[PDB]
Amino acid sequence: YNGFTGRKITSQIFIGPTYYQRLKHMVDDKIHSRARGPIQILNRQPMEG
Amino acid sequence: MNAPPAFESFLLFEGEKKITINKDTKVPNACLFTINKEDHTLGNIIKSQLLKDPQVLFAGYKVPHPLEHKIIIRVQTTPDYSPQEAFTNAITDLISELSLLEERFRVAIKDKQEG
Amino acid sequence: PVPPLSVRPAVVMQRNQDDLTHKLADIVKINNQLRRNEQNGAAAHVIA
RNA sequence: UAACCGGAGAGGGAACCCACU
């Protein structure tokens with residue numbers, strides 16, 4: 001049944017237990033931004049990483 | 001850390017309004033009601049109660065974004081009649097429905113207990 | 001021509017000189033050696 | 001006919017391996 005309106009869905013839904021995994025690729029280990037941070041030494045371009 | 005806190009779904013910030021009214025310029029006798037910190041729980045019963053009124057020509061609601069907590073209800077009524085009084089009549093009928101339902105429920109609960 | 005410090009910067013205690021600065025040190029080492037060696041000695045085989 | 005304070009952009013590199021789209 002729809003969780004919002006309560007009307008039952010016209011199609012019938014395939015559902016059941018399935019063994020899922022959680023991978024190590026979060027988003028909080030990947031998000032990063034920059035606005036004029038640190039600078040490399042030899043050429044004065046920004047850092048990497 | 002970008003997680004919004006759990007209370008933000010139902011708590012008005014300072015300076016926010018629970019309700020805002022804006023006239024719809026495209027067609028006459030139509031108005032948009034914006035409700036802050038409410039969801040389908042309130043909008044669906046408001047829409048269904050508005051659709052029992054024959055003097056209501058249009059009634060609908062939407063959530064603009066699920067991560068946002070807002071709901072918009074568009075009401076259009078016949079001339080001689082206002083969408084605002086349509087809305088408050090729908091509320092004061094829906095409260096009457098819930099009060100009657102509560103009374104009959106507690107009576108049936110007492111009657112189930114050895115009766 | 002030997003390039004300046006900006007071309008071959010030296011980091012501080014990992015001072016550690018550049019890969020190019022060590023080569024320049026080898027250059028001036030054997031240049032001073034060959035200079036004094038051809039000046040005094042003139043061995044004509046060591047110079048080769 | 002009165003009363004005490006004060007200083008700020010740090011911080012490197014090469015090589016190899018694993019992994020993501």
# chains A, B, ... in the order shown; residues from 1 in each chain; ligands from 1
call {"tool": "select_by_dssp", "arguments": {"residues": "chain B", "states": "strand (DSSP E)", "output": "PyMOL selection string"}}
result
chain B and resi 19-23+30-36+56-62+70-77
call {"tool": "closest_atom_pairs", "arguments": {"of": "chain C", "to": "chain D", "cutoff": "10 Å", "atoms": "only C-alpha atoms (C1' of nucleotides)", "output": "CSV"}}
result
residue,atom,partner,partner_atom,distance
C:10,CA,D:12,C1',8.9
C:11,CA,D:12,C1',5.6
C:12,CA,D:12,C1',7.1
C:13,CA,D:12,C1',8.2
C:14,CA,D:12,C1',5.4
C:16,CA,D:12,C1',9.0
C:18,CA,D:13,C1',9.3
call {"tool": "atom_distance", "arguments": {"atom1": "CA of residue 1 (chain B)", "atom2": "CA of residue 37 (chain A)"}}
result
21.0 Å
call {"tool": "interface_residues", "arguments": {"of": "chain C", "to": "chain A", "cutoff": "10 Å", "atoms": "only C-alpha atoms", "output": "number ranges by chain"}}
result
C: 5-11
call {"tool": "residues_around", "arguments": {"residues": "residue 12 (chain B)", "least_positions_apart": "2", "cutoff": "12 Å", "atoms": "only C-alpha atoms (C1' of nucleotides)", "output": "list in words"}}
result
residues 7, 8, 9, 10, 14, 15, 16, 17, 18, 19, 35, 36, 37, 38, 69 and 70 of chain B
